[PDB]
Amino acid sequence: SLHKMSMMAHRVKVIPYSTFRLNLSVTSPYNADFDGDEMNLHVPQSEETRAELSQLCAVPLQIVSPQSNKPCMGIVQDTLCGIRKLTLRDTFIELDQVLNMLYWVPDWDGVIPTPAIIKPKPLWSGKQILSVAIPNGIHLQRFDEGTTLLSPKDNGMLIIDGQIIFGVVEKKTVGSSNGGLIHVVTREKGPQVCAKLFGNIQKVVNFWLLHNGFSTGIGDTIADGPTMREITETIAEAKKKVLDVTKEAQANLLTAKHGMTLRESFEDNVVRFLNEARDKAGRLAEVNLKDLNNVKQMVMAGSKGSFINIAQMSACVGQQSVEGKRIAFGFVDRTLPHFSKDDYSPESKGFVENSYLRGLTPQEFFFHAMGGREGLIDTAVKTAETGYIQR
Amino acid sequence: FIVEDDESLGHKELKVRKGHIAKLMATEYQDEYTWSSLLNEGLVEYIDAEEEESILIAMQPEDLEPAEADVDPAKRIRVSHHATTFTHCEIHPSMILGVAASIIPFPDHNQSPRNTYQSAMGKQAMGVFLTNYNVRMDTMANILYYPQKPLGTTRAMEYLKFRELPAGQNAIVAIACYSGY
Amino acid sequence: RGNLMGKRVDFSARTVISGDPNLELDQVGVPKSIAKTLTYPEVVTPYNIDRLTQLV
Amino acid sequence: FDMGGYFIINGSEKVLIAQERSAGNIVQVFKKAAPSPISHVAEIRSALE
Amino acid sequence: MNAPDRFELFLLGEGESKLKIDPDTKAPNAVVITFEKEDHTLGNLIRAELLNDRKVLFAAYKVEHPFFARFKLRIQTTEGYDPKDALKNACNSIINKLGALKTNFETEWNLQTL
Amino acid sequence: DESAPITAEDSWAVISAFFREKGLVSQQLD
Amino acid sequence: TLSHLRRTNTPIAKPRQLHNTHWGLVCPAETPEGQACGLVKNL
Amino acid sequence: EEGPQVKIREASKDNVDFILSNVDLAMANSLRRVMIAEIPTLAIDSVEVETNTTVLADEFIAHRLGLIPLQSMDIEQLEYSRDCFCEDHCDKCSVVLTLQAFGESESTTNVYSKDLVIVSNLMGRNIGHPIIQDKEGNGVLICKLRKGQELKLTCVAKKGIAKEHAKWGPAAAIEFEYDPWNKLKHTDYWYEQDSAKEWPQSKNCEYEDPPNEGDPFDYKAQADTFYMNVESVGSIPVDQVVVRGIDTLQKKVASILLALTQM
Amino acid sequence: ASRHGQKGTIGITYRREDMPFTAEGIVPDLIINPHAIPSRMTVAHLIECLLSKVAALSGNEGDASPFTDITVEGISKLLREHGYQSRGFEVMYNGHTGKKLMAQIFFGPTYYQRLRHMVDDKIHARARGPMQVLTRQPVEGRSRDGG
Amino acid sequence: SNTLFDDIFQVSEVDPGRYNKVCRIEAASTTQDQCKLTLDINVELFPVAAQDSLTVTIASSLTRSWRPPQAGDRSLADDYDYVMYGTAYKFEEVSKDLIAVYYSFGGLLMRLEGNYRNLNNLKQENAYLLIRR
Amino acid sequence: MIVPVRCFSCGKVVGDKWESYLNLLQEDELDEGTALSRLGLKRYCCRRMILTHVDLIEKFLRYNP
RNA sequence: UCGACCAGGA
Ligand SMILES: [Mg+2]
Ligand SMILES: [Zn+2]
Ligand SMILES: [Zn+2]
């Protein structure tokens, strides 16, 4: 319990089965996942002690946190992935589903909105029916890259009177972000109204996603043959760039960058060329992957994943490192007994040319394990250390 | 495996030949040529970390032993048979792993910590600890009703008896967003 | 630290946690068995005399 | 399928965990830190087999 | 240990009605029917058939939580048409279609030599 | 021919022979 | 069980890190996530 | 002919392939659900164990006895014990099966679903007989015995639906597919280069004409024509999985009309 | 959990009818979230599945051995030869409505392990109970019925 | 209850750009050179290629829950093929006597630049869009 | 440990096929894939049930009392 | 029911 938010008053709901159940947006302040996590519950025994919980400790009151003067809870996982998908220009809903989606918002006025398209087929947009969850008198204007009051990209965000005018609804809008829909609804309409907003956005989006679906398979790690050629020759060119710097340093032509060894200087430029390579090899994939790419869609919504995940799975893992430096000579002048002595090549000092899709070589595997072990140690130590700092 | 420069009919080659391999499998089927046979015939050797320092190992036999006179873009990128001075050859690089990590399918396609997490959870997986559980009086015993041998297996599992005493079932899995549960 | 700044306490429960899309932000799903154990001392008043009599 | 390699003590099956240690009769040179009046040390953990 | 009986899915509890018809305050000529001990099987079928009725302005159903075998159905009709009659007619339409289906299936099955 | 070089598939026959002789708890027993 | 009978304990420069010399001798992956990470090795 | 039409493609003892035309998707799907979950079957629901010197646990053996398919033709003329006015069970609401087996042979003695014996009075109704689809006439290997190995038990089979427990599931997998050519655009195909080549063509494509390329999207068009395949486990014949599924759904609806009339 | 440190507790159980389905009538035994894959880069989980799908259809054992010449491209070719879409995806239908899911679900077998952590051996509640002698505060642990 | 704007335009360009059911249309009036138009169109229900001739009408009518078809006694204000309902969100003064009005039909945006609509187009949400030919 | 009556996924009786599967393999010398399809195991969910089974009951039966 | 060790979980 590192937070005042790690302890929050909740309203009981006696349900069957042996697990305490919680709303998914409340998951972040408690820092919980359901991989086997267990949680504590304390019952107040006094009328004045219940009032303390309900009036001070209650979850809705804790929405906007004073830690960083922004909300500490936003829309997450399924709902965040589905809210982007729901709010695309291309996404339209016909009457049958609209009615069910409308009935799902408990606070709904009972007034069916006029469909954006009336013409051959009455068709409602995603933005249209998601706006039913957003309360009246809620104004939000964002502006991202090429946002021009006509956002041709369906960029930024413009909500007037709790109706979406333009923009795809993702993490920047509906997450626990500073100017976000949640910081605004909490400030403008109160905590108990923003608590309803979470439920309504959830109930509508989860319904839509249930009937639309979403998945991930190996296919999403696969990139074009041409892209794969480009990626292979991108690593190849960087290997040569390194070899050239290796030949230059071996012929005593290299000059050290002040307060640095010649070796410290060579290493920096080698580490650099290989990390530049992993990045451009990665970017080559991220570009080639269509908008249908499920991993790209989770990256796009801001639900899970980042550039690096696409890079290491599809193109190239990259340089492995222990103690900030590359794989050192644990043996006399070599990293493994499969190499010759005084070998400073990317392969020797732990560069992983391959992607998790193509698979790692035994050497690549051992070095990758070496770096991974470093992370596992760091996590274990910086818990006893960081824990005592807190006290 | 021991690699020797002497192989009259050419260059540096592994002491073990196709004959030895067939001589071994003859004894495998007849259940004379044992592991001790390879050792006393000087085809295989025991190397500690200190002796490892003075030798040069090759990863694969066939791949890391011919010469030079297109490449499948689906395969992983490997180095070369750069050296001539090879003293030894690796029996199998998959033999770098232990009993727990040996049951992971494709660990060479995962992020390293994920493999550490499995060779930890596998230790807590219900299955069949021994075929004599009905005659043992242990404090706590967990036997999985209908165990299933995995469809995706490693060659090392043979020696681990995993197929014989499994610890899971082959569940038909969907990776999808459904009810949100 | 062990007995005064912190203590083991009565009217407490712990169990595995699960996520529910059909629970309101501020609700908590409580297993029936946990509800049947964890008690609250409601004072007998004329506004609840009939209700409390029914629970007893 | 039982492999042995364990003992039975008062009914319970016991494993003796392989205990790691630094090898004896081994010459090793170590650099000592900046505050120390001694710069380097040659150590040998000499013990009978 | 905290699992409810499985019969609780299809068997009406102690003093439980199949239908609970409640007038909807939000809209005129609107009603909300609660179907106890029922799943999507009945839910989706009625909603779909109510939509065929041109005198029906709104029809939707929801299983508010999957632990419990119940559902709500909101019906709004054209001024003068009682939503209860709208549901009655929709139900009869379903039975008539199923009767036709069964008769047609049976006359087809007898034409087979397997 | 009996003097033919070994393949990558062949190495499993050697490993089979190792475990047939040694077993998995050889270190504890020896 | 098999895994228990092939376990190691290191009682206490950088002991926890996976050393280059551990190749083919000790398992790179199988170590505890806890305060025994890198001290408990498996053959 | 009448309303929703039916066209039988291929029939058998345990599989019916048919085309359900002139129907709405909701009806096609609701029928699918009823066939899986709500047709009454007969299945062992109580096991009294007298002797078990087997290698298998009493409840392990009991679990398999439930999963054994029992004749369920005249299931409609058996009461649910819950509504039967007896104390526990009787002939009006149950079928009593007996099972006695002993390892006489030196070799392994097998225990089969044929080895069950109806001990109750079936009053001539076709019920309780363990379903044997097996070539050799044994059907379902319940257990295996050694030599002194014995198993003496009694089973009480009751009427039930799959919602209570899946052992009462009259149907195995149900094949369901509509719009083989994605004309309705109810799916958006995932691809690398061409979705048409990367996605295997359905057998059902031969029963609908292709989209004819240059033709604009028909928004008016609705999902009607369902390519189905009901598979029977054996308890009730394939035709009855369909017919009784149709009948149960009708009764399900009729009870709502009934409820409205009480109201 | 799968054999790729891809652990998780059950959150609900749906019967066969409520479950999504392939045209063939195959229904999942388990449903895992796609969000578990990107940050974790557990690619071998996806390959185990593709290989296991083929292994089940072909009747041959899937060699998920590490340092082999088995590629995703290789496996996919064998799967397309079995009449399914090469990268594992299968068109699924919603169990409640019967309508086609707009998305195609990566479906196939995967080896899942039942872990020794079960909720009824964890679930505990106290509202007054045994107290320690010395301190007069509640006893420790669920075993002793502690606070 | 009356018409707000009516003119006949010619399509310069049709741009989807990552969209499979949407296209951003670029068109200029045949009547006034000062008049231009930008509009996102659901091409799935109403497709448009370049050089098309379309009559683009606005109108206020033919605040009330939406009702289904029942096209019997319905005053079918559809002498047009494409009909949309939107909101005016911006009234841009683009120099001179030129004024631009921005509409949002459920996210499908529209921008109409002109001069004379001073006696017409209201900042009042309630506006339809009708397109024939 | 002894053949499951019915497939976990689709509920098809798989329990009456163990001996028939094993016979098709030894006596008939058929491959596993063909053996399964000859038993009428068409969907991979049924096909695993038999292919992936480990009849541990044959080991258990070796213990005398 | 005095508390030490060991093994685990998040
Ligand atoms: Mg966790
Ligand atoms: Zn009776
Ligand atoms: Zn099956």
# chains A, B, ... in the order shown; residues from 1 in each chain; ligands from 1

$ residues_near_ligand --ligand "ligand 2" --cutoff "10 Å" --atoms "only C-alpha atoms (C1' of nucleotides) and all ligand atoms" --output "MDAnalysis selection string"
chainID H and resid 78:94 158

$ select_by_dssp --residues "region 74-106 of chain I" --states "helix (DSSP H, G or I)" --output "ChimeraX atom specification"
/I:74-80

$ write_last_selection --atoms "N, CA, C and O atoms" --output "PDB file, in the first residue's frame"
ATOM      1  N   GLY I  74       7.024 -22.649 -42.795  1.00  0.00           N
ATOM      2  CA  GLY I  74       6.942 -24.093 -42.984  1.00  0.00           C
ATOM      3  C   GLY I  74       5.645 -24.649 -42.434  1.00  0.00           C
ATOM      4  O   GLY I  74       4.875 -25.273 -43.171  1.00  0.00           O
ATOM      5  N   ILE I  75       5.370 -24.345 -41.148  1.00  0.00           N
ATOM      6  CA  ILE I  75       4.173 -24.767 -40.425  1.00  0.00           C
ATOM      7  C   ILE I  75       2.913 -24.297 -41.139  1.00  0.00           C
ATOM      8  O   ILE I  75       2.016 -25.113 -41.364  1.00  0.00           O
ATOM      9  N   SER I  76       2.857 -22.995 -41.517  1.00  0.00           N
ATOM     10  CA  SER I  76       1.714 -22.385 -42.212  1.00  0.00           C
ATOM     11  C   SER I  76       1.348 -23.134 -43.505  1.00  0.00           C
ATOM     12  O   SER I  76       0.161 -23.362 -43.759  1.00  0.00           O
ATOM     13  N   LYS I  77       2.375 -23.538 -44.298  1.00  0.00           N
ATOM     14  CA  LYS I  77       2.208 -24.265 -45.558  1.00  0.00           C
ATOM     15  C   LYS I  77       1.487 -25.593 -45.343  1.00  0.00           C
ATOM     16  O   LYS I  77       0.585 -25.930 -46.108  1.00  0.00           O
ATOM     17  N   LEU I  78       1.849 -26.307 -44.262  1.00  0.00           N
ATOM     18  CA  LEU I  78       1.257 -27.572 -43.855  1.00  0.00           C
ATOM     19  C   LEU I  78      -0.189 -27.333 -43.415  1.00  0.00           C
ATOM     20  O   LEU I  78      -1.041 -28.167 -43.704  1.00  0.00           O
ATOM     21  N   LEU I  79      -0.471 -26.209 -42.709  1.00  0.00           N
ATOM     22  CA  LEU I  79      -1.831 -25.894 -42.251  1.00  0.00           C
ATOM     23  C   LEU I  79      -2.765 -25.577 -43.425  1.00  0.00           C
ATOM     24  O   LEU I  79      -3.913 -26.022 -43.436  1.00  0.00           O
ATOM     25  N   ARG I  80      -2.271 -24.821 -44.416  1.00  0.00           N
ATOM     26  CA  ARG I  80      -3.079 -24.468 -45.576  1.00  0.00           C
ATOM     27  C   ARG I  80      -3.394 -25.729 -46.381  1.00  0.00           C
ATOM     28  O   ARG I  80      -4.489 -25.836 -46.935  1.00  0.00           O
TER      29      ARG I  80
END

$ residues_near_ligand --ligand "ligand 1" --cutoff "8 Å" --atoms "only C-alpha atoms (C1' of nucleotides) and all ligand atoms" --output "PDB file with N, CA, C and O atoms (P, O5', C5', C4', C3', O3' and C1' of nucleotides), in the first residue's frame"
ATOM      1  N   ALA A  32      -3.184  -3.753  -9.745  1.00  0.00           N
ATOM      2  CA  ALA A  32      -3.620  -5.137  -9.719  1.00  0.00           C
ATOM      3  C   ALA A  32      -3.809  -5.664 -11.110  1.00  0.00           C
ATOM      4  O   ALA A  32      -4.110  -4.909 -12.019  1.00  0.00           O
ATOM      5  N   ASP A  33      -3.586  -6.956 -11.274  1.00  0.00           N
ATOM      6  CA  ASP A  33      -3.808  -7.781 -12.465  1.00  0.00           C
ATOM      7  C   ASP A  33      -4.386  -9.051 -11.868  1.00  0.00           C
ATOM      8  O   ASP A  33      -4.250  -9.253 -10.661  1.00  0.00           O
ATOM      9  N   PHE A  34      -5.107  -9.851 -12.630  1.00  0.00           N
ATOM     10  CA  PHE A  34      -5.746 -10.997 -12.012  1.00  0.00           C
ATOM     11  C   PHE A  34      -5.028 -12.311 -12.310  1.00  0.00           C
ATOM     12  O   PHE A  34      -5.667 -13.338 -12.503  1.00  0.00           O
ATOM     13  N   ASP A  35      -3.679 -12.285 -12.302  1.00  0.00           N
ATOM     14  CA  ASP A  35      -2.796 -13.443 -12.541  1.00  0.00           C
ATOM     15  C   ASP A  35      -2.594 -14.284 -11.261  1.00  0.00           C
ATOM     16  O   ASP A  35      -1.665 -15.082 -11.204  1.00  0.00           O
ATOM     17  N   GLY A  36      -3.404 -14.050 -10.234  1.00  0.00           N
ATOM     18  CA  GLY A  36      -3.286 -14.758  -8.968  1.00  0.00           C
ATOM     19  C   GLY A  36      -3.184 -13.824  -7.790  1.00  0.00           C
ATOM     20  O   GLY A  36      -2.911 -14.272  -6.668  1.00  0.00           O
ATOM     21  N   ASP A  37      -3.407 -12.515  -8.047  1.00  0.00           N
ATOM     22  CA  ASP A  37      -3.381 -11.442  -7.041  1.00  0.00           C
ATOM     23  C   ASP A  37      -4.485 -11.701  -5.994  1.00  0.00           C
ATOM     24  O   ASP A  37      -5.496 -12.325  -6.311  1.00  0.00           O
TER      25      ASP A  37
ATOM     26  P     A L  10       2.973 -15.310  -8.747  1.00  0.00           P
ATOM     27  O5'   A L  10       2.397 -13.978  -8.113  1.00  0.00           O
ATOM     28  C5'   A L  10       1.029 -13.674  -8.153  1.00  0.00           C
ATOM     29  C4'   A L  10       0.864 -12.258  -7.681  1.00  0.00           C
ATOM     30  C3'   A L  10       1.848 -11.276  -8.319  1.00  0.00           C
ATOM     31  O3'   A L  10       1.332 -10.761  -9.535  1.00  0.00           O
ATOM     32  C1'   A L  10       1.770 -10.965  -5.961  1.00  0.00           C
TER      33        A L  10
END

$ interface_residues --of "chain H" --to "chain J" --cutoff "9 Å" --atoms "only C-alpha atoms" --output "ChimeraX atom specification"
/H:216-219

$ write_last_selection --atoms "N, CA and C atoms" --output "PDB file, in the first residue's frame"
ATOM      1  N   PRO H 216     -22.134  -3.023 -57.091  1.00  0.00           N
ATOM      2  CA  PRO H 216     -22.067  -2.249 -55.839  1.00  0.00           C
ATOM      3  C   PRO H 216     -22.663  -2.995 -54.641  1.00  0.00           C
ATOM      4  N   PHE H 217     -22.249  -2.610 -53.411  1.00  0.00           N
ATOM      5  CA  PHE H 217     -22.694  -3.244 -52.171  1.00  0.00           C
ATOM      6  C   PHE H 217     -24.185  -3.103 -51.932  1.00  0.00           C
ATOM      7  N   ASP H 218     -24.873  -4.252 -51.789  1.00  0.00           N
ATOM      8  CA  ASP H 218     -26.304  -4.309 -51.525  1.00  0.00           C
ATOM      9  C   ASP H 218     -26.534  -4.197 -50.027  1.00  0.00           C
ATOM     10  N   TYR H 219     -26.843  -2.973 -49.570  1.00  0.00           N
ATOM     11  CA  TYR H 219     -27.118  -2.648 -48.169  1.00  0.00           C
ATOM     12  C   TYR H 219     -28.449  -3.224 -47.694  1.00  0.00           C
TER      13      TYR H 219
END

$ residues_around --residues "residue 52 (chain J)" --least-positions-apart "4" --cutoff "10 Å" --atoms "only C-alpha atoms (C1' of nucleotides)" --output "ChimeraX atom specification"
/J:9-13,27,48,133

$ write_last_selection --atoms "N, CA, C and O atoms" --output "short mmCIF file (atom, residue, chain, number, x, y, z; two decimals), in the first residue's frame"
data_model
loop_
_atom_site.label_atom_id
_atom_site.label_comp_id
_atom_site.auth_asym_id
_atom_site.auth_seq_id
_atom_site.Cartn_x
_atom_site.Cartn_y
_atom_site.Cartn_z
N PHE J 9 -22.54 20.95 -57.95
CA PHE J 9 -21.07 20.87 -57.88
C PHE J 9 -20.47 19.81 -58.81
O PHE J 9 -21.16 18.87 -59.23
N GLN J 10 -19.15 19.94 -59.09
CA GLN J 10 -18.38 19.00 -59.90
C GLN J 10 -17.16 18.54 -59.12
O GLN J 10 -16.37 19.37 -58.65
N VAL J 11 -17.03 17.22 -58.96
CA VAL J 11 -15.98 16.54 -58.18
C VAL J 11 -14.59 16.59 -58.83
O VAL J 11 -14.35 15.96 -59.85
N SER J 12 -13.67 17.31 -58.17
CA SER J 12 -12.27 17.47 -58.54
C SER J 12 -11.48 16.20 -58.21
O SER J 12 -10.79 15.66 -59.08
N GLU J 13 -11.59 15.73 -56.96
CA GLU J 13 -10.88 14.55 -56.46
C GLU J 13 -11.74 13.74 -55.48
O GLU J 13 -12.69 14.27 -54.91
N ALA J 27 -14.88 19.32 -54.30
CA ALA J 27 -15.72 19.81 -55.39
C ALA J 27 -15.90 21.32 -55.40
O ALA J 27 -15.80 21.96 -54.35
N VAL J 48 -18.90 7.82 -55.41
CA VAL J 48 -18.58 8.99 -56.20
C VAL J 48 -17.19 8.82 -56.80
O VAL J 48 -16.23 8.50 -56.09
N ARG J 133 -28.32 12.58 -58.12
CA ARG J 133 -27.60 12.24 -59.37
C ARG J 133 -26.41 11.27 -59.13
O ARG J 133 -26.58 10.29 -58.37
#

$ residues_around --residues "region 26-30 of chain F" --least-positions-apart "3" --cutoff "6 Å" --atoms "only C-alpha atoms (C1' of nucleotides)" --output "list in words"
residues 5 of chain D; 22 and 23 of chain F

$ atom_distance --atom1 "CA of residue 48 (chain K)" --atom2 "CA of residue 56 (chain I)"
5.4 Å

$ interface_residues --of "chain B" --to "chain E" --cutoff "12 Å" --atoms "only C-alpha atoms" --output "PDB file with N, CA, C and O atoms, in the first residue's frame"
ATOM      1  N   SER B 179     -16.583 -11.359 -23.841  1.00  0.00           N
ATOM      2  CA  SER B 179     -17.414 -10.607 -22.914  1.00  0.00           C
ATOM      3  C   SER B 179     -16.721  -9.470 -22.109  1.00  0.00           C
ATOM      4  O   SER B 179     -17.420  -8.608 -21.557  1.00  0.00           O
ATOM      5  N   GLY B 180     -15.381  -9.487 -22.055  1.00  0.00           N
ATOM      6  CA  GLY B 180     -14.581  -8.548 -21.276  1.00  0.00           C
ATOM      7  C   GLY B 180     -14.222  -9.115 -19.910  1.00  0.00           C
ATOM      8  O   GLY B 180     -13.660  -8.415 -19.055  1.00  0.00           O
ATOM      9  N   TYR B 181     -14.535 -10.414 -19.710  1.00  0.00           N
ATOM     10  CA  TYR B 181     -14.266 -11.214 -18.515  1.00  0.00           C
ATOM     11  C   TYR B 181     -12.893 -11.903 -18.524  1.00  0.00           C
ATOM     12  O   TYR B 181     -12.613 -12.712 -17.633  1.00  0.00           O
TER      13      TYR B 181
END
